[PDB]
Amino acid sequence: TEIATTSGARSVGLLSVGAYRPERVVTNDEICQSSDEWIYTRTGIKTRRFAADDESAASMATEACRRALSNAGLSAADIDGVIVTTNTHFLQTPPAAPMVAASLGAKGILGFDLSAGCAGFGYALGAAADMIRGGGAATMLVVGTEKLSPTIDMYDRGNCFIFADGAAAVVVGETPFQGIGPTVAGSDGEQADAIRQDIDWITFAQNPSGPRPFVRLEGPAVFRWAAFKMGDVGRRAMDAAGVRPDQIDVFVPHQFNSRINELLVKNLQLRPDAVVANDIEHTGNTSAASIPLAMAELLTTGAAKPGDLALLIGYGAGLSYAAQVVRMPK
Amino acid sequence: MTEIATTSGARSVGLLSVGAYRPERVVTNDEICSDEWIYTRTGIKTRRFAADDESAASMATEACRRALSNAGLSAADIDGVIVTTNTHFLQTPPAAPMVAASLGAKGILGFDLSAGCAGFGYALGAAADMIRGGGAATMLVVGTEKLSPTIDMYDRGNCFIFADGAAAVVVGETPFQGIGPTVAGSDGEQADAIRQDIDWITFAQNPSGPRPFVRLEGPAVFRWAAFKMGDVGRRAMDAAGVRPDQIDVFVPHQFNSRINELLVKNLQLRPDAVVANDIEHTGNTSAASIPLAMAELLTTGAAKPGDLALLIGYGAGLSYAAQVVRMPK
Ligand SMILES: *C(=O)OCCCCCCCCCC
Ligand SMILES: *C(=O)OCCCCCCCCCC
């Protein structure tokens, strides 16, 4: 007997984006006591959001999902699955996805957590699109969520002003025309230490009164890697999608650093009038949540329009990257 | 307007191989605590604990090496790796890129997938989806677990349950369909049933308080798994277009033998159907459990390559993932 195969939608796209940004604004001056100029010129950040003590990666993911569902004209009963992508869910288990599903009033739906630094969103988008086309699901939530503030060593003058909190979710479903291109992804596992938790939780657990773990970043190494490698990645994603650089309306790189992204814009040879995501300005670097948060900001302000041709490039920890061409959601 | 390319990959995908790593240190029921007490309740006789210098990532690498060797492939033939685990003790970097680098394939795509014990089913399905979509042609999927450091040796409810190990599968194009449609789901309202009890940040901010351990509400998990997974198994067979009487091999997650005995009966397979019992000397290795159980069956010869197998993963998050597959190697 032959094992049967399911089939799903051919054309898949981003139906909606929904964003949750924590209430507390932390300015450059507040976090660093000419600090405002210093931080802004190096990173592009003016302010960022910090989540409250009672908030978590999962709780922000839930709020983002509620908003994404609303923008898609859907309820939780329309969703067949949810992928949470995060690096700041602070339990080995349970995973965030089932908790999020439950809070949404759809406790039974499939889901898992996906971790790949701030390439997680691209990987999760690709996985959702592949699952829907394979018939494993019809409509899915993909939410990038991050609570980075508790992981920051406020004495680490190399990164303390970089990381921030927030969540944003997209609805992926069948569309009239193809809305999501092939995923272009890869790694550099040899540079795994470039962005890291410096002390693993178990070594820490054997001596909790000694130094605790914090996020560490080898800035120059990441700058060099991102600025010199992601251009070729962007071109691969566009080639796979069958589009030219000059057909790109919107560029949404991961909001790691403005200077990096300015160099990527140049390398990718986009139109003079191409819209470039700059959400980092009042959001900072929110890792897995960055791209969908950046997408929401562009749509919220009317800088981008739904249906606009967008190039997304996620780069960051593990040294991991994931990129794809999409049409902008509602 | 501008077209976004519509693409496809190979429709027929299957398991080309399985490879297993288990650590050297055998910990008997007698040592850990007695033998009859644990055995009666779990079906566990012994389990393997990893050495201090081992990790989920290191065991996953070694399981991947063996998997590649058994498929007659090298690292250069692989387009990416999915690592599924619950015991990679870093928020970042993820295990997959490190595993890829250790295999001499630092550049390949990959990521970590967490869904408790059902991680392997989700990861398997995702790799199959990605290959059929044309995003990759050949993949490694590896379940890995170093659970021993997470055990509270004073917790008389679970200290004898969890163990260490890793197993990987090579997934790629096969002449006939080798991986059935994914059947998966959750119960997020019972998320507290299997859990880390104190989150890492709360612990870090309060080092004078207690440290985190794995906790298990046994009865709640038992009742959910024993009585709900039968229907899951039926759906996966239905999706694969196969009948219960056609299943050659049954591989439930090796959570508890007594749960699995009840599952066997509920599923109404042939009397001569082969049931995975790797828990006896491997214990419960969470995400690594199913591929380890597949490797054990092939190693003893109880299962043969090509045999029709039903895999059911169930556990934390309250999460489940199941599919019918043809046995590898
Ligand atoms: C994205 O820019 O990559 C950064 C990944 C953020 C995860 C940081 C992990 C913090 C753990 C330290 C306790
Ligand atoms: C299968 O039974 O799913 C169980 C998931 C493994 C539990 C590990 C999390 C405990 C960490 C405690 C520090």
Side-chain angles (χ1 to χ4, degrees), chain A residues 57 86-95 115-121 144 146-153 159 162-164 194-202 204-205 212-217 222 226 254-257 260 280 284-291 314-320, chain B residues 56 84-94 114-120 143 145-152 158 161-162 193-201 203-204 211-216 221 225 253-256 283-289 313-320:
Chain A
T86 185
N87 295 284
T88 50
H89 178 67
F90 304 120
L91 297 157
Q92 301 300 133
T93 225
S115 284
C118 306
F121 181 77
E146 221 69 87
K147 199 192 176 178
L148 286 153
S149 52
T151 78
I152 299 164
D153 178 11
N159 66 46
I162 290 172
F163 302 108
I195 309 165
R196 78 193 178 280
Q197 175 177 325
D198 57 354
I199 304 164
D200 78 90
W201 291 120
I202 285 293
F204 171 63
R212 58 152 281 188
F214 289 112
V215 64
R216 304 293 173 191
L217 162 70
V222 174
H254 167 58
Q255 302 294 285
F256 209 116
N257 176 277
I260 295 177
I280 206 180
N285 180 345
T286 60
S287 303
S290 162
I291 286 173
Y315 59 91
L319 299 217
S320 307
Chain B
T84 185
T85 189
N86 301 284
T87 51
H88 181 65
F89 302 116
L90 295 156
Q91 302 300 142
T92 221
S114 281
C117 276
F120 181 78
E145 221 69 83
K146 195 192 173 183
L147 282 157
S148 53
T150 74
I151 292 171
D152 174 19
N158 66 28
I161 291 177
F162 300 111
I194 308 162
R195 69 184 189 284
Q196 176 177 327
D197 56 355
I198 306 164
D199 80 80
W200 289 122
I201 288 300
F203 170 54
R211 67 146 280 189
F213 291 109
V214 64
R215 304 298 171 185
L216 165 74
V221 175
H253 169 67
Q254 299 296 296
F255 200 100
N256 183 283
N284 171 357
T285 54
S286 192
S289 170
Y314 60 88
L318 282 236
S319 296
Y320 67 83

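Chain naming here is simple, since letters A, B, ... match the order of the sequence lines and numbering starts at 1 in each. Order of listing sets the numbers, starting from 1, for every ligand and every atom in it. Heavy-atom basis, side chains included; hydrogens, waters and symmetry copies ignored.
Proximity to A:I195 (heavy-atom distance under 4.0 Å) selects the following atoms of ligand 1: 4 (C). Distances below 4.0 Å separate heavy atoms of B:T92 from the following atoms of ligand 1: 7 (C), 8 (C), 9 (C). The atoms of ligand 1 that sit less than 4.0 Å from any heavy atom of B:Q91 are 9 (C), 11 (C). Atoms of ligand 1 found under 4.0 Å from any heavy atom of A:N87 (numbered from 1 in listed order, with element): 7 (C). Close contacts of ligand 1 with A:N285, meaning ligand atoms under 4.0 Å from a residue heavy atom, involve 2 (O). Of all atoms in ligand 2, listed by their number and element, those nearer than 4.0 Å to a heavy atom of B:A316 are 3 (O), 4 (C), 5 (C). Less than 4.0 angstrom separates some heavy atom of B:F255 from each of these atoms of ligand 2: 1 (C), 2 (O).
Atom CD1 of A:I152 and atom CD1 of A:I162 lie 9.0 Å apart (nearest 0.5 Å). Note that NZ of A:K147 and NE2 of A:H89 are 13.0 Å apart. Values are rounded to the nearest 0.5 Å. Interatomic distance, B:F89 CZ to A:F204 CZ, rounded to the nearest 0.5 Å: 14.0 Å. The distance from atom CD1 of A:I291 to atom OG1 of A:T286, rounded to the nearest 0.5 Å, is 9.5 Å. For the atom pair B:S289 OG and B:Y314 OH, the distance stands at 8.0 Å (nearest 0.5 Å). The CD atom of A:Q197 sits 11.5 Å away from the OG1 atom of A:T88 when rounded to the nearest 0.5 Å.
At under 3.5 Å, not a single nitrogen or oxygen of B:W200, backbone or side chain, sits near a nitrogen or oxygen of ligand 2.
Nearest non-hydrogen protein atom to atom 2 (O) of ligand 2 is B:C117 SG, 2.6 Å. Atom 5 (C) of ligand 2 has as its closest protein heavy atom B:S286 OG, 3.4 Å.
With a 4.0 Å cut-off on non-hydrogen atoms, A:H254 touches ligand 1 through its side chain and not its backbone. Residue contacts with ligand 2 for B:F213 involve N, CA, C or O but no side-chain atom from C-beta outward (heavy atoms, distance under 4.0 Å).
A:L148 counts as a contact of ligand 1, since one of its heavy atoms falls under 4.0 Å from the ligand. Contact analysis leaves A:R212 out of contact with ligand 1, as no non-hydrogen atom separation drops below 4.0 angstrom.
B:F162 and B:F255 have perpendicular rings, their planes meeting at more than 60° on a 0 to 90° scale where under 30° would count as parallel.
The heavy-atom pair separating A:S115 from B:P94 by the smallest distance is O-CB, 3.6 Å.
A donor and an acceptor atom, one from each side chain of A:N87 and A:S287, are nowhere located under 3.5 Å apart.
Around atom 12 (C) of ligand 2, the closest heavy atom drawn from B:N158, B:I161, A:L91, B:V214 belongs to B:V214.
Salt-bridge formation is not detected for the pair B:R211/B:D152: no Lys NZ or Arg NE/NH1/NH2 atom is positioned less than 4.0 Å from an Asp or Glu carboxylate oxygen.
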